[PDB]
Amino acid sequence: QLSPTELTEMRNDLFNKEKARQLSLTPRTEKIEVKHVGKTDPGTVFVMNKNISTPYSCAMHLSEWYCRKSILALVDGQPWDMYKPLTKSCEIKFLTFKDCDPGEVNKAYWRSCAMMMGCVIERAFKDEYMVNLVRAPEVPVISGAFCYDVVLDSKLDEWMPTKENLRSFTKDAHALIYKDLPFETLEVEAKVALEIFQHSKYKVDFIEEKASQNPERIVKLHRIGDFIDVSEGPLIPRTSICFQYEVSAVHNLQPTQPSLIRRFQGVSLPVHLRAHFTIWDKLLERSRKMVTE
Amino acid sequence: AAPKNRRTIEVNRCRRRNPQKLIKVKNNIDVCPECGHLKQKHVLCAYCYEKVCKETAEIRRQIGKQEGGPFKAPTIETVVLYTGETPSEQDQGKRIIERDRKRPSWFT
Amino acid sequence: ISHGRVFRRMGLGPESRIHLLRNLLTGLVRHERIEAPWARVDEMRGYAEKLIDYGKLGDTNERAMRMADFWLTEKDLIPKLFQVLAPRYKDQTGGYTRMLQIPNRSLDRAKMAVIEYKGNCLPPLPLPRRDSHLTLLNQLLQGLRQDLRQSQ
Amino acid sequence: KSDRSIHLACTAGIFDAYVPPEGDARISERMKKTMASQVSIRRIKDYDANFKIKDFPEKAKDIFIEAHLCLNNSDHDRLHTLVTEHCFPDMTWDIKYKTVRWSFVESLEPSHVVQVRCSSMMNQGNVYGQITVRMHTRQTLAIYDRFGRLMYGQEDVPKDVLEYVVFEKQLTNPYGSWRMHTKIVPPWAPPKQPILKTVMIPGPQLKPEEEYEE
Amino acid sequence: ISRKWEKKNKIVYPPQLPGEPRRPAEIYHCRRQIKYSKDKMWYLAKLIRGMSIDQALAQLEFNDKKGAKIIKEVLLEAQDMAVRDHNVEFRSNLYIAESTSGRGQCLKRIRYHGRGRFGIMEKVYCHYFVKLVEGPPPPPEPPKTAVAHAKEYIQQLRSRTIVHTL
Ligand SMILES: [Mg+2]
Ligand SMILES: [Zn+2]
């Protein structure tokens with residue numbers, strides 16, 4: 002058995018090795034052409050570096066308004082990360098929180114906040130006790146609270162958290178938001194993904210189902226600092242795109258045997274869409290209420 | 007009442023660089039969704055507004071050409087039609103004003 | 047002290063104030079959309095609402111006839127007031143005009159305003175649209191509305 | 049109407065420019081082109097009968113190398129000595145506030161005289177002689193900012209270049225010499241090295257009344 | 360007169376060794392003989408010091424002053440010549456490091472008063488100077504905390520000596 006520290010630096014080392022392998026796969030500078038076809042500043046050609054430049058680099062070329070308001074990238078019609086390297090000549094369009102149909106941005110924010118709360122759990126529960134992380138289910142935004150599934154210890158099968166513990170999780174998440182970490186992305190072969198996540202059966206199952214879903218067995222890995230997680234799509238650029246955060250509730254799922262699954266539910270709202278105190282309190286109550294997928 | 011003494015540059019720099027005299031930073035500036043130019047969030051966009059104003063000016067030129075002289079305001083409603091549009095059955099007894107351009111997308 | 051003084055001190059006096067507002071109201075009836083300094087537009091907005099009320103009162107009324115005769119200095123817009131604008135707003139109660147702030151005059155940096163009669167034939171102004179129903183906060187509150195409707 | 053006129057020491061153009069042949073770099077009428085070449089040769093030898101076309105290419109390589117070392121050292125007087133006024137500004141203006149680091153590594157194949165043309169007498173009393181020579185060599189390039197940051201090329205690794213350099217000499221000048229006039233790049237030339245920086249080409253900045261038509 | 364800002368823009372640096380920080384680009388721009396007062400121009404420049412280029416252009420776009428329009432035109436020219444001439448990668452990646460105003464060359468006119476008395480009008484002109492530096496705007500200096508205040512006080516109390524003895 003490895004210590005949780007040593008597991009963390011093993012995962013970080015293999016992540017950096019894969020990223021450096023992709024960078025060495027693309028050593029020479031090569032110019033692609035990306036056409037901005039948005040409504041604002043229309044028909045603008047950027048000459049990007051292949052597998053180096055990003056939609057955020059497009060935004061730096063345009064203005065700081067694009068940098069500070071562009072959350073998701075529509076590259077050839079599909080959602081793309083702000084910090085993901087661009088691989089081909091394409092057409093780009095920047096997606097903000099306050100568009101006509103921001104639903105993809107909503108899903109990205111939801112998955113990012115769920116990943117942050119998973120990191121909070123994993124580095125919150127004690128060393129004596131065992132923590133396993135199962136999934137981040139695709140919970141629709143209209144439900145009220147994003148969810149993460151955790152297997153806790155058999156010594157804690159009877160333990161329920163208090164309001165002080167839930168506030169501790171919330172303050173850890175706010176510490177992360179203050180730390181302001183970019184959501185690093187990586188398109189990784191399924192074998193190397195299993196090589197990152199050997200010591201987690203549930204993560205192995207998640208990686209296997211994603212490799213079954215796509216043809217080339219390429220999964221999405223994301224990193225905030227030292228924590229690495231598999232995803233169901235693109236994520237927002239930075240943890241500082243979160244302003245109001247709360248880990249509302251912890252619940253036990255119905256089948257206690259063979260293992261106890263605990264759903265951690267939280268709610269959050271970005272800086273661009275922050276709400277008043279009373280509206281936020283009502284959202285806190287609804288997020289504390291149970292969410293079924 | 008004349009100054010008894012000359013005021014020094016230290017006095018004058020305190021007076022003239024007091025924060026009450028400095029220009030306040032504005033926080034109500036937003037990017038206009040339609041055109042991408044900067045706008046104040048309680049004020050109309052200058053670019054979109056002068057777009058609407060220039061098209062309104064052309065339409066008013068055509069209106070004045072149709073009236074042809076002062077004191078000739080009609081007693082019926084007015085509708086503007088662009089190139090390639092026929093008057094609707096609801097737009098039956100209404101003064102039609104023709105414009106020699108395609109109907110802009112923001113105009114319905 | 048000016049507690050409860052609802053009228054601005056415009057022009058060279060009260061009569062000059064009335065003549066300024068009358069010229070602006072005549073321009074608004076003729077062109078159906080004008081722009082001017084913001085305070086003048088506010089005062090003329092109130093007078094424009096009451097003028098449309100008199101137009102709805104109608105041409106056979108001698109009082110409304112005399113009021114339109116005073117307040118329209120072109121004497122051709124009085125048929126326009128009684129036979130176009132009042133038939134247009136025969137359905138509404140009192141929401142006849144729209145007043146929106148336009149940036150600044152470029153000469154003396156005056157706060158500017160555009161005022162229009164609703165309906166119109168002109169191109170529409172870039173009105174401020176509220177945030178769409180599909181954003182994060184609106185979706186969360188829509189879920190809240192559904193949950194409260196289910197609960198009660 | 050003053051009788052002093054500008055005494056030009058060069059021309060604006062290439063005299064019957066050598067069209068590059070397709071596949072000259074890919075592979076590792078002739079009599080008419082050759083006869084015109086020797087016609088210009090006998091004109092050049094009539095104006096100065098100590099010229100050898102066999103001896104030219106080494107002087108051409110020396111002129112090329114020393115001119116590019118003039119770019120290295122910003123030695124504008126010697127660069128004027130070896131380079132015509134038609135070639136000075138499009139060789140110096142884009143360097144003026146940059147540092148260029150150029151070197152000559154080797155030559156792959158010996159340089160070859162590929163065309164010789166000459167002017168008429170009518171050009172204000174002056175007769176020009178132009179010779180185009182094929183160069184195929186190996187060189188390095190590293191161009192820096194005003195601030196000493198690299199913008200183009202790489203330091204030590206050399207790369208292959210092919211160029212068709214046109215030289216001109218004012219033969220009627222008693223103190224004339226052979227200087228670099230222009231160089232033909234082919235229309236079929238391979239694309240150059242990509243730049244190290246990122247470029248945004250703006251779209252049409254539209255007036256308000258204008259609408260954007262794709 | 361003096362015109363040293365335009366030459367500051369043309370100072371050239373030796374090439375960098377591959378192990379040094381990148382040395383961000385500096386661009387010096389100025390406008391001379393602006394029919395405006397250098398004091399009001401000081402107010403506008405002091406507003407735009409330390410800002411990012413887009414934040415500066417927003418504040419200038421919605422200020423109400425003649426000098427604000429003039430400074431905005433100067434900043435647009437500086438950004439254009441930055442990414443046209445001095446190898447700046449991203450045109451949004453510039454901040455205003457220096458921004459100040461100076462006296463221009465003025466003219467004297469007579470101002471008539473009552474009786475037979477007169478005053479000297481000054482038709483005032485000014486200059487505007489801006490230095491743009493590549494990179495994000497530097498963070499503002501955070502306020503001094505009670506921890507810093509107490510630490511400095513205890514530093515002084517430990518710095519005390521015995522005056523006028525051995
Ligand atoms: Mg007054
Ligand atoms: Zn706009």
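Protein chains in written order, with the numbering used here: chain A, 2 to 294; chain B, 7 to 114; chain C, 47 to 198; chain D, 49 to 262; chain E, 360 to 525.
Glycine included, C-beta positions come from ideal geometry on N, C-alpha and C.
Minimum Cα-Cα distance from C/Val-130 among the listed residues C/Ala-94, C/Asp-193 and C/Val-75 corresponds to C/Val-75.
Taking 4 residues as the shortest admissible run, the segment 400–432 of chain E contains the following complete alpha helix (DSSP H) segments, listed from N- to C-terminal end: 412–420. A Cβ-Cβ separation of about 6 angstroms places E/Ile-455 in contact with E/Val-489 under the 8 angstroms criterion. Annotation for E/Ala-415: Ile-407, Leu-434 and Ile-455 place their beta carbon closer than 7 angstroms to its own, counting only its chain and skipping 5 residues before and after. Relative to ligand 2, the beta carbon of B/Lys-45 is positioned inside 7 angstroms of a heavy atom. Each residue's CA atom was taken as its position, placing A/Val-76 and E/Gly-409 some 35 angstroms apart. Residues of the segment 267–278 of chain A with a Cβ closer than 8 angstroms to any Cβ of chain C, in chain order: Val-268, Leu-270, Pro-271, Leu-274 and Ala-276. One thing to note: A/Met-118 has its Cβ within 8 angstroms of the Cβ of A/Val-248. Here A/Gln-258 carries a coil assignment [DSSP, helix/strand/coil]. For D/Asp-94, the uninterrupted alpha helix (DSSP H) run begins and ends at 78–95, by DSSP.
Bounds of the beta strand (DSSP E) holding E/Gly-478 are 477–482.
CA-CA distance, A/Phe-228 to D/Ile-191, rounds to 42 angstroms.
For C/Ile-64, the closest Cβ of chain B is not nearer than 8 angstroms.
At least one beta carbon of chain A lies nearer than 8 angstroms to the beta carbon of D/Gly-251. At least 8 angstroms separates the CB of D/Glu-262 from every CB of chain B. The CB of C/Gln-147 comes closer than 8 angstroms to the CB of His-48, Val-49 and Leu-50 in chain B, given here in chain order. The straight-line gap separating the alpha-carbon atoms of A/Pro-238 and D/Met-228 is approximately 54 angstroms.
Under a criterion of Cβ atoms nearer than 7 angstroms, the residues of chain E adjacent to D/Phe-195 are, in order, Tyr-372, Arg-382 and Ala-384. Taking the Cβ of B/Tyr-53 as the reference point, at least one heavy atom of ligand 2 falls within a distance shorter than 7 angstroms. In this structure, the alpha-carbon of A/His-277 lies about 29 angstroms from that of A/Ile-225. Here D/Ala-108 is buried, its C-beta having at least 16 other C-beta atoms within 10 Å. Remark: C-beta atoms of D/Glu-133 and D/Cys-58 approach each other more closely than 8 angstroms. Around the CB of D/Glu-216, 16 or more other CB atoms lie within 10 Å, so the residue is classed as buried.
When the beta-carbon positions are compared, B/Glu-61 and B/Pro-110 come within less than 8 angstroms of each other.
At a beta-carbon threshold of 9 angstroms, the residues of chain B lying near C/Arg-79 are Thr-62, ordered along the chain.
Put simply, the CB of B/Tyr-53 is near chain D, with a gap under 8 angstroms to one of its CB atoms.
When rounded, the separation of the alpha-carbon atoms in A/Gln-255 and A/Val-140 is 18 angstroms.
In terms of beta-carbon proximity, D/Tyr-145 lines the interface with chain E, with at least one pair separated by less than 8 angstroms. Taking D/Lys-231 as the centre and dropping the five residues before and after it, the same chain places the C-beta of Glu-211, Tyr-212, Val-213 and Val-214 closer than 8 angstroms to its C-beta, in chain order. Under the three-state reduction of DSSP output, A/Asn-52 falls in the coil class, being neither helix nor strand.
Under DSSP, no beta-bridge partner is assigned to D/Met-169. Taking a Cβ-Cβ cut-off of 8 angstroms, the neighbours of D/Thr-246 in chain A comprise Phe-47, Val-48, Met-49, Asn-50, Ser-54, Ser-58 and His-62, given in sequence order.
Distances taken from the Cβ of B/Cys-41 to the heavy atoms of ligand 2 include one shorter than 7 angstroms. Identification of chain B residues near D/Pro-256 by a Cβ-Cβ cut-off of 7 angstroms yields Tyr-53, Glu-56, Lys-57 and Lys-60, ordered along the chain. When beta bridges are read from the DSSP output, D/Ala-190 appears opposite D/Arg-149 and D/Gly-201.
Here the alpha carbon of D/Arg-74 sits roughly 13 angstroms from the alpha carbon of D/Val-209.
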